[PDB]
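One structure is given here, and the rest of the page talks about it.
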Amino acid sequence: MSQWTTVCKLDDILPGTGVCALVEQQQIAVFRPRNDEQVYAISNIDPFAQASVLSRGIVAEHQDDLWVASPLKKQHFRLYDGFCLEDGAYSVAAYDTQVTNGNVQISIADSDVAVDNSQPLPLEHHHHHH
């Protein structure tokens, strides 16, 4: 472990799922296909959601490998590749990952760092009338 930063615990990541975490400078989503240690921690975030909504899609085998079917954009992202089905007009960033001890780490080579957004947080709907 040199430039490899820990993302999250493998166990905290539910099988068949994956969420984004603020990893140092970049948001990274961790696809966990099975209860194995081999997961996919890449930059797959939707700019309209700011979360791994593109990662919580349909994780299945498209041909030979593991692909994620986008629920919104529908393009088929190969997990470790990043390209979209055929035409990569929405390709994401795929960084390399290692598993130290039950925890997954990525090689943080910062490519494009942006400033955090100042969006109005979720507003509670106060009940109208009893």
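Just remember, in the structure tokens the first chain shown is A, the second B, etc., residues are 1-based per chain, and ligands are 1-based in the order shown.
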
Taking the backbone alone, and naming residues the way the document does, which bits of chain A are strand (DSSP E or B) by DSSP, as a ChimeraX atom specification? /A:4-9,17,20-23,26-32,40-43,58-61,66-69,76-78,84,93,97-99,103-107

Find the residues near residue 62 in chain A: any atom within 10 Å, counting only C-alpha atoms, skip ones fewer than 2 places away on the same chain, and give them as a list in words. residues 59, 60, 64, 65, 66, 67, 68, 69, 76, 77, 78 and 85 of chain A

Quick one: residues within 6 Å of residue 105 in chain A, only C-alpha atoms, excluding same-chain residues fewer than 3 positions away - as a PyMOL selection string? chain A and resi 4-7+97-98

Residues of range 52-111 of chain A within 8 Å of range 13-32 of chain A: nearest atom pair and distance (Å, one decimal) for each, counting only C-alpha atoms, sorted by chain and number, as JSON lines?
{"residue": "A:52", "atom": "CA", "partner": "A:19", "partner_atom": "CA", "distance": 5.2}
{"residue": "A:53", "atom": "CA", "partner": "A:19", "partner_atom": "CA", "distance": 7.9}
{"residue": "A:55", "atom": "CA", "partner": "A:18", "partner_atom": "CA", "distance": 6.0}
{"residue": "A:56", "atom": "CA", "partner": "A:17", "partner_atom": "CA", "distance": 5.8}
{"residue": "A:59", "atom": "CA", "partner": "A:16", "partner_atom": "CA", "distance": 7.1}
{"residue": "A:79", "atom": "CA", "partner": "A:31", "partner_atom": "CA", "distance": 7.8}
{"residue": "A:110", "atom": "CA", "partner": "A:25", "partner_atom": "CA", "distance": 6.9}

Just C-alpha atoms for this one: save the residues we selected as a compact mmCIF listing (two decimals), in the first residue's frame.
# COMPACT_ATOMS: atom_id res chain seq x y z
CA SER A 52 -23.87 5.97 -7.94
CA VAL A 53 -27.30 5.71 -9.56
CA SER A 55 -23.97 1.76 -10.36
CA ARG A 56 -27.22 0.63 -8.76
CA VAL A 59 -25.42 -5.77 -12.86
CA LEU A 79 -17.50 -2.61 -15.01
CA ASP A 110 -6.48 12.52 -9.45

One decimal place gives the CA of residue 42 in chain A-CA of residue 87 in chain A separation as 19.2 Å

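The gap separating CA of residue 122 in chain A from CA of residue 51 in chain A is 14.7 Å, in Å to one decimal.
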
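One distance worth recording is that between CA of residue 57 in chain A and CA of residue 75 in chain A, which is 10.6 Å.
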
Nearest residue to residue 11 in chain A out of A:70, A:44, A:35, A:91, using only C-alpha atoms? A:35

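Between residue 71 in chain A and the candidates A:119, A:38, A:46, A:88, the tightest atom-to-atom separation, counting only C-alpha atoms, involves A:46.
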